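Quick heads-up: it's one chain on its own, the form deposited without this ligand, in C-alpha cells.
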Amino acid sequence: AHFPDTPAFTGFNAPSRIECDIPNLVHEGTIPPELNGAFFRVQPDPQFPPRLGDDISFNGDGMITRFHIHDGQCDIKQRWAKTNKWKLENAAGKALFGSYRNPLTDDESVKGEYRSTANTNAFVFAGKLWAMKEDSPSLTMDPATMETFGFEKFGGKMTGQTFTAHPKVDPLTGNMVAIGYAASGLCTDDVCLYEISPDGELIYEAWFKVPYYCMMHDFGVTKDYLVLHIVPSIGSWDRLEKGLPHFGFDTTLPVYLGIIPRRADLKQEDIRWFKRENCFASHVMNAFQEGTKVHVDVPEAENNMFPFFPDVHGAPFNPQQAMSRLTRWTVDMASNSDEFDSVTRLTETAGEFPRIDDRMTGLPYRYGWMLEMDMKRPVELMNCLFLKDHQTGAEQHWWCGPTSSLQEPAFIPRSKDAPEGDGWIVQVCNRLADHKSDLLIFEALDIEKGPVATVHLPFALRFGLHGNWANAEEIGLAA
C-alpha cells in the first residue's frame, strides 16, 4: 500500500493493520493469579490509503486488541472490527468512503451505507463485544473468537440512526444506557435515549431535541437521569460543502447541561437545560444525584481541545487554553433560574480519559483515574497515570518516563462485592524509544510504586481510544 507521507500516517502513526495471536507474552513482574478475563481496547488503523490523500486520526478503521489475562500470563488476540465499510473496501481493494463524518466525499457506490469505522470503544455487554462509533448503530462481535456479527439495531426496535461509543451500565439494574445524536440524519438536533436490558433487548427508545447540533460524544447517567452536556464543537452540511472539517469550535456559543428523565414516556417539556459560559468538555468521569441536585465530573478546558476541528472564526489553536482539569458541574433541579448551582475545579492536575470503578456508575464515588499531562516532566503529552481520592483530596501520580506515553486506563475489580477501587488498573504504555508497547498492571490504589507487572508486546500499538475489562465468564473464555 502507498500511504501519504503526512503526520497522520507516519512514525507513531504508521499504519499497522496487524491481526495476530500471541499467548504468554514476555513479561516482567507478577501478573496477579486472581486475574481471569480480558482487556479490550481499540485503535483507529487505516485498512487502505485515504481517498483524499490525507486524513485525521479519528478516521482510521477500528482494530480491536484483546489482552486475555489468566494463570499469571497475558495473551494477545488482535482482529479487525469488520464494519460494512471495512467489508466493502476490502472487497473493492481500495478506499470508498472519504473524509471524517463527510458523506459528500464518499464514492457513489457507497451512498446509503453506514460510514462507521467502529473505532472508538471496545465494550462488553450481554455476551457481546461492541465495537463502537457514534455516527451509526454499534457493531457487535464475538468476544471469544473476535469474529464480527454486524450492526445492532435490536430487532428493528431501534429507529434512531446512531448509537454512542460511550455506553454506561447502571449497577442498579445491569441495563446499558446509551444515546444516539444526529438520530434522524446528519447534523440533526434529534437525540435518542436508549436503555438495553442485560439480555441485550432494547427496553425503550425516547426521542428529544437539543439546543443545537454538536458533538455529543459522552454523557452521564444517574438513577433518574441522562446528564447531557452541550458543548459547541459544531458541524453542519454547509461546513462539509465548503470542504472544512465536519466539526469546528465556536467560542461564542453558550454551554448547556441537560437533565433528561430516564423514562420511556419522556417529553421535551420534561427536560431542564442549565446554561453557562462557553468552555470545553468532552468526557465524563461519573455523574450522581444528591438531594435535588445532579453532579457531573468532567475534564474542563477553557477552549477547544481538538486542533483538527478548528475554531470556526479562524483563530489558531491554543494549547494552553486546551488544558483540561477535572471539574464538578452541579445543577439543582429545584433551582429557579437556569444557572448552574456551582462549577468547582477538583484538581490542578491536567488530564483526560477519566475512569472510575464502573460499579459506581451513577452513584456517589470516591476514586477516579485519569491520564495526566505533566508538562514539568522531562521529555525527549500524556505521561502519567493519575488517581484522585474525592474523600481525602489525596492525589497519586505515576510517570512513565521521558521516552514514553500512556493510553486510557481501565479498572478491574477484585470481586463483584469488593469495595470500591479494590482491584487493578491496566493500561497500554507506548514505549516510543523501542517502537513497541507494554501492557502495565497496577494495584489500583497504590500506583506511585509503579506497575506490579509489565507485559511486553513485540510490536507497537497505535493511538487508542476506549477500552474495558470483562471477566472470563462474561466473554465466553475459560473459568
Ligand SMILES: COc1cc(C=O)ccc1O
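Just count from 1 along the sequence shown to find any residue number.
Omitted from view is the form deposited with this ligand bound, to which the following refers.
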Select, from the options 215-223, 265-273, 356-364, 200-208, the stretch whose residues sit within 4.5 angstroms of this ligand in the bound PDB entry by heavy atom distance.
215-223
Evaluate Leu465 for contact with this ligand in the bound PDB entry, applying a 4.5 angstroms cut-off between non-hydrogen atoms, and reply yes or no.
yes
Report whether the minimum heavy atom distance between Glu134 and this ligand in the bound PDB entry is within 4.5 Å.
yes
With the partner left out here, check for me: in the bound PDB entry, does some heavy atom of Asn119 sit within 4.5 Å of this ligand?
yes
Taking any heavy atom pair closer than or equal to 4.5 Å as contact, tell me whether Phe58 reaches this ligand in the bound PDB entry.
yes
Heavy atom within 4.5 Å of this ligand in the bound PDB entry - residue from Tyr100, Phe288, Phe154, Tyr256:
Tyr100
Heavy atom within 4.5 Å of this ligand in the bound PDB entry - residue from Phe340, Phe306, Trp86, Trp399:
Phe306
